[PDB]
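Written below as structure tokens is the structure these notes are about.
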Amino acid sequence: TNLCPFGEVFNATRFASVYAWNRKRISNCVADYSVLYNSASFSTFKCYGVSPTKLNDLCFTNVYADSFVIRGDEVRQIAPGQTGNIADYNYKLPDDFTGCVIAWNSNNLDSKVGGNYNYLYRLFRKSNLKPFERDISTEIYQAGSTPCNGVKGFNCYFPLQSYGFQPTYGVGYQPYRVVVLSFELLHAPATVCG
Amino acid sequence: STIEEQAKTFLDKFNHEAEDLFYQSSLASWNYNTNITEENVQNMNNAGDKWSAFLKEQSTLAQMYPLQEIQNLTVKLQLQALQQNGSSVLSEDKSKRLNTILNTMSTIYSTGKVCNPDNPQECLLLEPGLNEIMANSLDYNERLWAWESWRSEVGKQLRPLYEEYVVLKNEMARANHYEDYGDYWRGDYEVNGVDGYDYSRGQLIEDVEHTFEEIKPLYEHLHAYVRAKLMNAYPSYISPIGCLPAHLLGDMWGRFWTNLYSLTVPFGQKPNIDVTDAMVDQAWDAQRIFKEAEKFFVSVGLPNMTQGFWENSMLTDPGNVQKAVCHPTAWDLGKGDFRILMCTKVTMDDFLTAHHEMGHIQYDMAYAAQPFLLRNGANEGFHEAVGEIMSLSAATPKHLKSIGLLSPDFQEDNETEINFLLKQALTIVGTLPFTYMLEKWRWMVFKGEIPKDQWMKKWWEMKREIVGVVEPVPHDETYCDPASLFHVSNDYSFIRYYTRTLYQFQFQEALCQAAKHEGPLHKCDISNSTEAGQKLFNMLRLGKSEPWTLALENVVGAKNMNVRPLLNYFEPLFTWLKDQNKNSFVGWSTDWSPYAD
Ligand SMILES: *[C@@H]1O[C@H](CO)[C@@H](O)[C@H](O)[C@H]1NC(C)=O
Ligand SMILES: *[C@@H]1O[C@H](CO)[C@@H](O)[C@H](O)[C@H]1NC(C)=O
Ligand SMILES: *[C@@H]1O[C@H](CO)[C@@H](O)[C@H](O)[C@H]1NC(C)=O
Ligand SMILES: *[C@@H]1O[C@H](CO)[C@@H](O)[C@H](O)[C@H]1NC(C)=O
Ligand SMILES: *[C@@H]1O[C@H](CO)[C@@H](O)[C@H](O)[C@H]1NC(C)=O
Ligand SMILES: [Zn+2]
């Protein structure tokens, strides 16, 4: 007899960078999606393979809350069957993804005058990321055949780059805090329902 | 494993680095412009230096990727702009010499003033001082005094610095494998890598010379009319068959003839179109003006202003507490930031200037999807020209009767058409002979065809023959006339003002013919027509990522720069001028001077 703690997932003061994206398991509770759907504070709210009305009465045994922060125009790259830097090199959903996508405007908080360099992203990687794979490696990317030996230089780049956030950007760039919810079913009983 | 991968990997790393550091220097410059303090100067200097060293540092790695092995065109276009090392190729000893001379002549232009022999203790600057005297005074001596005293005092200082200015810029081109430094400015229109669209650096000279030949019939009559009007007001000081005196051209250098519209107005009893007294009774402010301007771009389908636009922009004089430059500029800071800095007053000119400054924003928002190195005008002449075509439709009587400014019952007839065109004829056509003359002058000096002692001799031979203007007083080798001009001492290539004139009417005839307009061209309005707005939007979003000759083919259906729209635009005026000039002598001889009696 407990509510699923979405309060600490959404209203947490500081999220992880997109490569550092934090996974939090949600189980053995009851989740109310009505206040989420009726808040109207969310810029982009979608669901895939499930209707937002139908999931009100329904039971899924495992709910994973993914959290990260990306660019406003890069929100379109979070979806099944998508490419681009955020999709390939950072956070990759499989084509069969059954969950939902949530985003809202963080510009009133996460951004400050002068830019905030804590938020980072992985610009280069040797290959694409498999579904739901966190890669935190700081290893120097290698573009050419010249051995890097872990130092900056010609054709050896530090892959982690920062998003500068000032308050003064246009609506397109502004930072959004995106929360991706995954839903699966396995042999375990489903404790999460309406 | 190829250079192409190493090239895309490098530039992708370069894109997100150029986005962050450029926005710092651009925001700092915004702080300097809006708020002028000693503290805000160091903030722009430190931010401007990091961006200067960044492009200087990235140019070291850029030359390591040979363009010979690069098959993809878009990567080759990006590196070609980055790989040029500019002034860094020169030796370090002359490096300090160049920037100092650039800043030295700049301060001479800014701090330059004129002083009368009568009371030496009092003196006046150029701005406002001489620009007020040259425009507002009808006196022969007063205009002549301002004309000579500025070139005599300032010209003596800049000439010995300008000669060394020529020597340094020449060796920079030969180290870049250019025939001269004049070839460096003409290299902006160079096109390579596309079969059949290649536009050679030497093709520009042959084209501009051919385009100006067909403008001469229009200009010789336009010059014959201005000479006829000023002759009646100055019978003794102006010869009927001779060239116009320099100081009587309406301003210092004869660039804009708009100041002469007062005496040259075709019809004095017919009311001129003025939206000023209409805006006062409605009590509009800077807020509604751009709303009417933004509503214009909504009618053509172009996107509207961002929410951060109205918040971050300073649209008015920020009080008497802090001083700010009121020169209208369109600031593109990158990363979706678009700002217009203007001191807004209620006037007919500001409403027409409003659509111009907003034109760049609609232009920069189109190619903003391109990477930073590809974020620029398709050429150096489109970026400014796109803002002018929007101002054209805004000045037409039809667009003014729609938005409520001009009365719906306003009468239109033959005498109204000529009045509105001749005002546009003085500004648009009057600046072409001055612009072609200036560019052909710099090009022959940098090439070396003109010895240093023939500069003042070759200058006023182009004044008389091309522009039909003669010097009121002879200048010896000591004076340097061009150096006193803004764009000459400030090291800005001035050919931009010739091309935007030809490229604005091509767009004008192209978009209006797409809107199925009927009748004369000058009465065209692109409002409510999406056919033109979508056709124009095809080119605007391309940026410099495509050859301008290719991008121009979409809009105007023509691969070559042509003046046919320009004569078609003034064709109503061109027929009327020859009728008033049939009793006057058309043409001018270069052997006449006011000081030879
Ligand atoms: C976060 O806080 C807001 C207001 O404080 C509240 O409306 C919202 O429900 C909170 N988030 C969750 C998941 O409850
Ligand atoms: C302008 O700069 C001065 C210097 O710090 C500062 O005191 C003032 O508040 C600034 N004004 C505005 C409007 O930012
Ligand atoms: C060149 O590379 C860009 C991306 O780096 C690509 O979009 C473009 O299609 C390439 N050029 C050609 C001709 O394929
Ligand atoms: C621009 O147009 C869009 C179209 O829906 C509108 O939502 C937006 O509010 C407009 N911009 C402003 C500042 O009103
Ligand atoms: C565009 O259409 C609107 C709607 O009828 C009209 O009010 C407006 O006057 C039109 N524009 C022009 C320039 O006539
Ligand atoms: Zn402009």
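Starting from 1 in every chain, residues are counted up; chains themselves are A, B, ... following the order of the structure tokens, and ligands are numbered from 1 as listed.
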Can you check which residues of chain A have any atom within 7 Å of chain B? Use only C-alpha atoms and format it as a PDB file with N, CA, C and O atoms, in the first residue's frame.
```
ATOM      1  N   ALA A 143      40.293   8.545 -34.149  1.00  0.00           N
ATOM      2  CA  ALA A 143      39.823   8.720 -35.515  1.00  0.00           C
ATOM      3  C   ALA A 143      40.706   8.031 -36.543  1.00  0.00           C
ATOM      4  O   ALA A 143      40.184   7.377 -37.452  1.00  0.00           O
ATOM      5  N   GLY A 144      42.029   8.154 -36.418  1.00  0.00           N
ATOM      6  CA  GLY A 144      42.955   7.651 -37.396  1.00  0.00           C
ATOM      7  C   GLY A 144      43.730   6.441 -36.920  1.00  0.00           C
ATOM      8  O   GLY A 144      43.406   5.812 -35.903  1.00  0.00           O
ATOM      9  N   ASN A 155      43.812  13.977 -34.597  1.00  0.00           N
ATOM     10  CA  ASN A 155      42.955  12.802 -34.760  1.00  0.00           C
ATOM     11  C   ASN A 155      42.824  11.979 -33.482  1.00  0.00           C
ATOM     12  O   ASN A 155      42.563  10.774 -33.544  1.00  0.00           O
ATOM     13  N   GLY A 164      26.641  24.213 -23.254  1.00  0.00           N
ATOM     14  CA  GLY A 164      26.488  25.466 -22.540  1.00  0.00           C
ATOM     15  C   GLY A 164      25.035  25.878 -22.431  1.00  0.00           C
ATOM     16  O   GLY A 164      24.350  25.969 -23.456  1.00  0.00           O
ATOM     17  N   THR A 168      19.342  32.682 -22.190  1.00  0.00           N
ATOM     18  CA  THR A 168      18.977  33.537 -23.311  1.00  0.00           C
ATOM     19  C   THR A 168      18.799  32.795 -24.634  1.00  0.00           C
ATOM     20  O   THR A 168      18.573  33.450 -25.655  1.00  0.00           O
ATOM     21  N   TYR A 169      18.905  31.470 -24.654  1.00  0.00           N
ATOM     22  CA  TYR A 169      18.727  30.748 -25.909  1.00  0.00           C
ATOM     23  C   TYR A 169      17.289  30.853 -26.407  1.00  0.00           C
ATOM     24  O   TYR A 169      16.356  31.140 -25.653  1.00  0.00           O
ATOM     25  N   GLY A 170      17.124  30.617 -27.706  1.00  0.00           N
ATOM     26  CA  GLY A 170      15.798  30.483 -28.264  1.00  0.00           C
ATOM     27  C   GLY A 170      15.111  29.213 -27.801  1.00  0.00           C
ATOM     28  O   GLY A 170      15.730  28.299 -27.254  1.00  0.00           O
ATOM     29  N   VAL A 171      13.799  29.161 -28.039  1.00  0.00           N
ATOM     30  CA  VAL A 171      12.978  28.050 -27.560  1.00  0.00           C
ATOM     31  C   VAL A 171      13.496  26.716 -28.078  1.00  0.00           C
ATOM     32  O   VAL A 171      13.414  25.696 -27.382  1.00  0.00           O
ATOM     33  N   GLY A 172      14.056  26.701 -29.288  1.00  0.00           N
ATOM     34  CA  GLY A 172      14.499  25.456 -29.888  1.00  0.00           C
ATOM     35  C   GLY A 172      15.596  24.745 -29.125  1.00  0.00           C
ATOM     36  O   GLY A 172      15.491  23.535 -28.897  1.00  0.00           O
ATOM     37  N   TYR A 173      16.686  25.448 -28.831  1.00  0.00           N
ATOM     38  CA  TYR A 173      17.807  24.876 -28.082  1.00  0.00           C
ATOM     39  C   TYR A 173      17.483  24.492 -26.638  1.00  0.00           C
ATOM     40  O   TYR A 173      17.930  23.459 -26.141  1.00  0.00           O
TER      41      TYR A 173
END
```
Determine, counting only C-alpha atoms, which protein, DNA and RNA residues have an atom within 6 Å of an atom of residue 480 of chain B; residues of the same chain fewer than 3 positions away are not included. Present the result as a list in words.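 Listed by chain and then number, they are residues 155, 159 and 483 of chain B.
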Mind listing the residues within 10 Å of ligand 6, only C-alpha atoms and all ligand atoms counted, as a list in words?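 What falls inside 10 Å of ligand 6 is residues 328, 329, 330, 353, 355, 356, 357, 358, 359, 360, 382, 383, 384, 385, 386, 387 and 388 of chain B.
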Let me have all residues with an atom within 9 Å of ligand 1, counting only C-alpha atoms and all ligand atoms, laid out as a VMD selection string. chain A and resid 5 to 12 35 to 36 39 41
Take the selection from the previous step and output its residues with N, CA, C and O atoms, as a PDB file, in the first residue's frame.
```pdb
ATOM      1  N   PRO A   5       7.251   6.253  -6.071  1.00  0.00           N
ATOM      2  CA  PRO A   5       7.843   7.573  -5.829  1.00  0.00           C
ATOM      3  C   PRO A   5       8.277   8.339  -7.073  1.00  0.00           C
ATOM      4  O   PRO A   5       9.476   8.567  -7.244  1.00  0.00           O
ATOM      5  N   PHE A   6       7.340   8.748  -7.924  1.00  0.00           N
ATOM      6  CA  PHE A   6       7.743   9.577  -9.054  1.00  0.00           C
ATOM      7  C   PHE A   6       8.187  10.962  -8.608  1.00  0.00           C
ATOM      8  O   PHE A   6       8.783  11.700  -9.400  1.00  0.00           O
ATOM      9  N   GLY A   7       7.903  11.330  -7.359  1.00  0.00           N
ATOM     10  CA  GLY A   7       8.269  12.655  -6.888  1.00  0.00           C
ATOM     11  C   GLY A   7       9.764  12.901  -6.932  1.00  0.00           C
ATOM     12  O   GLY A   7      10.213  13.983  -7.314  1.00  0.00           O
ATOM     13  N   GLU A   8      10.556  11.901  -6.546  1.00  0.00           N
ATOM     14  CA  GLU A   8      12.002  12.062  -6.556  1.00  0.00           C
ATOM     15  C   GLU A   8      12.607  11.873  -7.939  1.00  0.00           C
ATOM     16  O   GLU A   8      13.741  12.308  -8.163  1.00  0.00           O
ATOM     17  N   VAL A   9      11.901  11.229  -8.864  1.00  0.00           N
ATOM     18  CA  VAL A   9      12.414  11.071 -10.222  1.00  0.00           C
ATOM     19  C   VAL A   9      12.246  12.348 -11.037  1.00  0.00           C
ATOM     20  O   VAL A   9      13.190  12.810 -11.683  1.00  0.00           O
ATOM     21  N   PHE A  10      11.048  12.938 -11.026  1.00  0.00           N
ATOM     22  CA  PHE A  10      10.810  14.143 -11.815  1.00  0.00           C
ATOM     23  C   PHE A  10      11.353  15.402 -11.153  1.00  0.00           C
ATOM     24  O   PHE A  10      12.009  16.210 -11.818  1.00  0.00           O
ATOM     25  N   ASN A  11      11.093  15.592  -9.862  1.00  0.00           N
ATOM     26  CA  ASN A  11      11.396  16.844  -9.178  1.00  0.00           C
ATOM     27  C   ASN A  11      12.784  16.863  -8.551  1.00  0.00           C
ATOM     28  O   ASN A  11      13.113  17.806  -7.823  1.00  0.00           O
ATOM     29  N   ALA A  12      13.593  15.829  -8.780  1.00  0.00           N
ATOM     30  CA  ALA A  12      14.982  15.875  -8.348  1.00  0.00           C
ATOM     31  C   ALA A  12      15.661  17.123  -8.897  1.00  0.00           C
ATOM     32  O   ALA A  12      15.460  17.504 -10.054  1.00  0.00           O
ATOM     33  N   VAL A  35      -2.563  12.162 -12.835  1.00  0.00           N
ATOM     34  CA  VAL A  35      -2.010  13.473 -12.517  1.00  0.00           C
ATOM     35  C   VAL A  35      -0.869  13.821 -13.465  1.00  0.00           C
ATOM     36  O   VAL A  35      -0.651  14.999 -13.774  1.00  0.00           O
ATOM     37  N   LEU A  36      -0.133  12.819 -13.951  1.00  0.00           N
ATOM     38  CA  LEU A  36       0.903  13.075 -14.945  1.00  0.00           C
ATOM     39  C   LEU A  36       0.288  13.529 -16.261  1.00  0.00           C
ATOM     40  O   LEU A  36       0.813  14.427 -16.927  1.00  0.00           O
ATOM     41  N   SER A  39      -1.515  17.142 -15.711  1.00  0.00           N
ATOM     42  CA  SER A  39      -0.755  18.289 -15.225  1.00  0.00           C
ATOM     43  C   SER A  39      -0.568  19.351 -16.299  1.00  0.00           C
ATOM     44  O   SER A  39      -0.560  20.547 -15.985  1.00  0.00           O
ATOM     45  N   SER A  41       1.956  20.310 -17.729  1.00  0.00           N
ATOM     46  CA  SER A  41       3.239  20.983 -17.624  1.00  0.00           C
ATOM     47  C   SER A  41       4.298  20.360 -18.519  1.00  0.00           C
ATOM     48  O   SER A  41       5.443  20.827 -18.521  1.00  0.00           O
TER      49      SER A  41
END
```
Show which residues sit within 6 Å of segment 56-70 of chain A, as a list in words. Count only C-alpha atoms, and ignore same-chain residues fewer than 6 positions away. residues 15, 16, 17, 18, 21, 22, 23, 24, 25, 26, 176, 177, 178, 179, 180, 181, 182, 183, 184, 185, 190, 191, 192, 193 and 194 of chain A
Pull N, CA and C atoms from the residues just selected and write them as a short mmCIF file (atom, residue, chain, number, x, y, z; two decimals), in the first residue's frame.
```
data_model
loop_
_atom_site.label_atom_id
_atom_site.label_comp_id
_atom_site.auth_asym_id
_atom_site.auth_seq_id
_atom_site.Cartn_x
_atom_site.Cartn_y
_atom_site.Cartn_z
N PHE A 15 19.74 16.22 -12.57
CA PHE A 15 19.78 14.92 -13.23
C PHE A 15 21.18 14.60 -13.72
N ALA A 16 21.32 13.40 -14.28
CA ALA A 16 22.56 12.95 -14.88
C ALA A 16 22.72 13.51 -16.29
N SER A 17 23.97 13.59 -16.73
CA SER A 17 24.24 13.87 -18.13
C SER A 17 23.78 12.70 -19.00
N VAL A 18 23.58 12.98 -20.29
CA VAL A 18 22.92 12.01 -21.16
C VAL A 18 23.72 10.71 -21.26
N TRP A 21 23.27 8.70 -17.93
CA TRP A 21 21.85 8.69 -17.64
C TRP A 21 21.50 7.65 -16.59
N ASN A 22 20.74 8.08 -15.59
CA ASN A 22 20.55 7.30 -14.38
C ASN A 22 19.31 6.42 -14.52
N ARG A 23 19.48 5.13 -14.20
CA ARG A 23 18.40 4.17 -14.20
C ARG A 23 17.94 3.93 -12.77
N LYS A 24 16.63 3.96 -12.56
CA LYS A 24 16.04 3.74 -11.25
C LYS A 24 14.89 2.75 -11.39
N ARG A 25 15.00 1.62 -10.70
CA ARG A 25 13.99 0.58 -10.77
C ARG A 25 12.78 0.97 -9.93
N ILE A 26 11.59 0.78 -10.49
CA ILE A 26 10.33 1.08 -9.82
C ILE A 26 9.49 -0.19 -9.78
N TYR A 176 15.84 20.54 -22.04
CA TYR A 176 14.68 19.80 -21.55
C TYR A 176 15.17 18.64 -20.70
N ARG A 177 14.46 18.37 -19.61
CA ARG A 177 14.70 17.16 -18.84
C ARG A 177 13.77 16.06 -19.33
N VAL A 178 14.35 15.04 -19.95
CA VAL A 178 13.60 13.97 -20.59
C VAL A 178 13.63 12.75 -19.68
N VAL A 179 12.46 12.19 -19.41
CA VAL A 179 12.33 10.97 -18.62
C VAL A 179 11.70 9.90 -19.49
N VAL A 180 12.46 8.85 -19.78
CA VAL A 180 12.01 7.75 -20.61
C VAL A 180 11.61 6.59 -19.71
N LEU A 181 10.37 6.13 -19.85
CA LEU A 181 9.84 5.04 -19.04
C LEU A 181 9.78 3.78 -19.89
N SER A 182 10.35 2.70 -19.38
CA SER A 182 10.33 1.41 -20.05
C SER A 182 9.36 0.48 -19.34
N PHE A 183 8.71 -0.38 -20.11
CA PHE A 183 7.75 -1.34 -19.59
C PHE A 183 8.01 -2.70 -20.21
N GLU A 184 8.15 -3.72 -19.36
CA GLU A 184 8.37 -5.08 -19.82
C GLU A 184 7.58 -6.05 -18.95
N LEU A 185 7.48 -7.29 -19.42
CA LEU A 185 6.81 -8.36 -18.69
C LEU A 185 7.70 -9.59 -18.67
N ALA A 190 3.17 -9.08 -11.41
CA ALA A 190 3.05 -7.64 -11.65
C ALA A 190 2.43 -6.99 -10.42
N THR A 191 3.23 -6.19 -9.72
CA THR A 191 2.77 -5.47 -8.54
C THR A 191 2.36 -4.03 -8.84
N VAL A 192 2.52 -3.58 -10.08
CA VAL A 192 2.26 -2.19 -10.45
C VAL A 192 1.02 -2.17 -11.33
N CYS A 193 -0.02 -1.47 -10.87
CA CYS A 193 -1.28 -1.38 -11.59
C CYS A 193 -1.85 0.01 -11.38
N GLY A 194 -3.09 0.21 -11.81
CA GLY A 194 -3.74 1.50 -11.67
C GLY A 194 -4.19 1.82 -10.26
#
```
Which parts of segment 173-412 of chain B does DSSP call alpha helix (DSSP H) when run on the backbone here, written out as a ChimeraX atom specification? /B:173-175,182-186,203-233,261-264,276-282,286-299,307-312,348-367,382-395,397-402
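All residues, whether protein, DNA or RNA, that have an atom at most 12 Å from ligand 3 (counting only C-alpha atoms and all ligand atoms) are residues 84 of chain A; 4, 5, 6, 7, 8, 9, 10, 11, 12, 15, 70, 71, 72, 73, 74, 75, 76, 77, 78, 193, 194, 370, 371, 545 and 546 of chain B.
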For those residues, write N, CA and C atoms to a file as an mmCIF file, in the first residue's frame.
```cif
data_model
loop_
_atom_site.group_PDB
_atom_site.id
_atom_site.type_symbol
_atom_site.label_atom_id
_atom_site.label_comp_id
_atom_site.auth_asym_id
_atom_site.auth_seq_id
_atom_site.Cartn_x
_atom_site.Cartn_y
_atom_site.Cartn_z
ATOM 1 N N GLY A 84 21.113 9.582 -35.329
ATOM 2 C CA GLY A 84 21.675 10.823 -34.842
ATOM 3 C C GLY A 84 22.538 10.617 -33.609
ATOM 4 N N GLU B 4 38.583 11.327 -45.560
ATOM 5 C CA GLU B 4 37.205 11.799 -45.459
ATOM 6 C C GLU B 4 36.641 11.574 -44.063
ATOM 7 N N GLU B 5 36.868 10.386 -43.496
ATOM 8 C CA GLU B 5 36.447 10.143 -42.119
ATOM 9 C C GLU B 5 37.162 11.077 -41.154
ATOM 10 N N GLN B 6 38.475 11.240 -41.319
ATOM 11 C CA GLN B 6 39.219 12.151 -40.461
ATOM 12 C C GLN B 6 38.777 13.594 -40.676
ATOM 13 N N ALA B 7 38.265 13.907 -41.869
ATOM 14 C CA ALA B 7 37.785 15.260 -42.126
ATOM 15 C C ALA B 7 36.432 15.502 -41.469
ATOM 16 N N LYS B 8 35.493 14.568 -41.636
ATOM 17 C CA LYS B 8 34.192 14.720 -40.993
ATOM 18 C C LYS B 8 34.319 14.653 -39.477
ATOM 19 N N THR B 9 35.205 13.791 -38.979
ATOM 20 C CA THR B 9 35.415 13.702 -37.539
ATOM 21 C C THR B 9 35.992 15.000 -36.990
ATOM 22 N N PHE B 10 36.902 15.626 -37.737
ATOM 23 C CA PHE B 10 37.499 16.879 -37.290
ATOM 24 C C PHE B 10 36.475 18.005 -37.278
ATOM 25 N N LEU B 11 35.732 18.165 -38.375
ATOM 26 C CA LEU B 11 34.802 19.286 -38.478
ATOM 27 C C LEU B 11 33.627 19.126 -37.522
ATOM 28 N N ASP B 12 33.186 17.888 -37.290
ATOM 29 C CA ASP B 12 32.138 17.668 -36.299
ATOM 30 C C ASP B 12 32.622 18.080 -34.915
ATOM 31 N N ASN B 15 32.577 21.891 -35.081
ATOM 32 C CA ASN B 15 31.276 22.554 -35.088
ATOM 33 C C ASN B 15 30.823 22.903 -33.675
ATOM 34 N N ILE B 70 39.776 14.449 -51.035
ATOM 35 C CA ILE B 70 38.420 14.582 -50.518
ATOM 36 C C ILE B 70 37.449 14.587 -51.689
ATOM 37 N N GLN B 71 36.641 13.534 -51.788
ATOM 38 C CA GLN B 71 35.613 13.418 -52.818
ATOM 39 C C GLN B 71 34.346 14.195 -52.492
ATOM 40 N N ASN B 72 33.899 14.162 -51.236
ATOM 41 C CA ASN B 72 32.645 14.808 -50.865
ATOM 42 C C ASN B 72 32.780 16.321 -50.988
ATOM 43 N N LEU B 73 31.746 16.959 -51.543
ATOM 44 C CA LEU B 73 31.825 18.387 -51.831
ATOM 45 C C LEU B 73 31.599 19.230 -50.581
ATOM 46 N N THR B 74 30.629 18.847 -49.744
ATOM 47 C CA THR B 74 30.278 19.677 -48.594
ATOM 48 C C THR B 74 31.433 19.807 -47.613
ATOM 49 N N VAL B 75 32.187 18.728 -47.393
ATOM 50 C CA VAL B 75 33.359 18.813 -46.527
ATOM 51 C C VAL B 75 34.424 19.693 -47.168
ATOM 52 N N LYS B 76 34.562 19.610 -48.493
ATOM 53 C CA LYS B 76 35.555 20.421 -49.189
ATOM 54 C C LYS B 76 35.204 21.901 -49.120
ATOM 55 N N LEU B 77 33.909 22.225 -49.105
ATOM 56 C CA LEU B 77 33.497 23.623 -49.021
ATOM 57 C C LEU B 77 33.762 24.189 -47.632
ATOM 58 N N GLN B 78 33.638 23.353 -46.601
ATOM 59 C CA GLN B 78 33.846 23.824 -45.237
ATOM 60 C C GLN B 78 35.323 24.072 -44.959
ATOM 61 N N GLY B 193 34.342 22.742 -58.139
ATOM 62 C CA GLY B 193 33.822 21.486 -57.633
ATOM 63 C C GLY B 193 32.465 21.108 -58.177
ATOM 64 N N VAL B 194 31.883 21.945 -59.030
ATOM 65 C CA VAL B 194 30.583 21.687 -59.642
ATOM 66 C C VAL B 194 30.750 21.919 -61.137
ATOM 67 N N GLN B 370 22.163 24.657 -40.868
ATOM 68 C CA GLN B 370 23.479 24.280 -41.355
ATOM 69 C C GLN B 370 24.516 24.410 -40.242
ATOM 70 N N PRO B 371 25.631 23.686 -40.343
ATOM 71 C CA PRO B 371 26.705 23.846 -39.355
ATOM 72 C C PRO B 371 27.349 25.221 -39.455
ATOM 73 N N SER B 545 26.362 26.503 -48.284
ATOM 74 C CA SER B 545 26.605 25.094 -48.578
ATOM 75 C C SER B 545 26.478 24.763 -50.058
ATOM 76 N N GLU B 546 25.951 25.674 -50.863
ATOM 77 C CA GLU B 546 25.835 25.487 -52.296
ATOM 78 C C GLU B 546 26.421 26.679 -53.039
#
```
Distance filter 6 Å around ligand 5, atoms: only C-alpha atoms and all ligand atoms, out as number ranges by chain: B: 399, 402, 527-528
Identify all residues of segment 24-179 of chain A in strand (DSSP E or B) (DSSP on the backbone) and supply them as an NGL selection string. :A and (24-26 or 30 or 44-47 or 62-71 or 100-105 or 120-122 or 141-142 or 153 or 156-157 or 160-162 or 175-179)
Residue 580 of chain B: which residues within 10 Å, counting only C-alpha atoms, same-chain residues fewer than 5 positions away excluded, as a ChimeraX atom specification? /B:221,224-225,228,575
Env. residues ligand 2 / 10 Å / only C-alpha atoms and all ligand atoms / as a list in words: residues 31, 32, 34, 35, 36, 37, 38, 39, 40, 318, 319, 321, 322 and 323 of chain B
Output C-alpha atoms for every residue in that selection, as a PDB file, in the first residue's frame.
```pdb
ATOM      1  CA  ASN B  31      26.857  43.680 -23.703  1.00  0.00           C
ATOM      2  CA  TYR B  32      29.267  46.305 -25.051  1.00  0.00           C
ATOM      3  CA  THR B  34      23.739  47.948 -25.155  1.00  0.00           C
ATOM      4  CA  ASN B  35      25.737  48.891 -22.041  1.00  0.00           C
ATOM      5  CA  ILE B  36      28.894  50.969 -22.541  1.00  0.00           C
ATOM      6  CA  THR B  37      31.229  50.902 -19.529  1.00  0.00           C
ATOM      7  CA  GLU B  38      34.943  50.498 -18.927  1.00  0.00           C
ATOM      8  CA  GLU B  39      34.159  47.139 -17.313  1.00  0.00           C
ATOM      9  CA  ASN B  40      32.279  45.881 -20.382  1.00  0.00           C
ATOM     10  CA  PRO B 318      17.838  52.445 -22.697  1.00  0.00           C
ATOM     11  CA  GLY B 319      17.324  55.795 -20.995  1.00  0.00           C
ATOM     12  CA  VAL B 321      21.699  56.242 -17.665  1.00  0.00           C
ATOM     13  CA  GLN B 322      23.602  54.095 -20.166  1.00  0.00           C
ATOM     14  CA  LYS B 323      24.683  55.090 -23.677  1.00  0.00           C
TER      15      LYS B 323
END
```
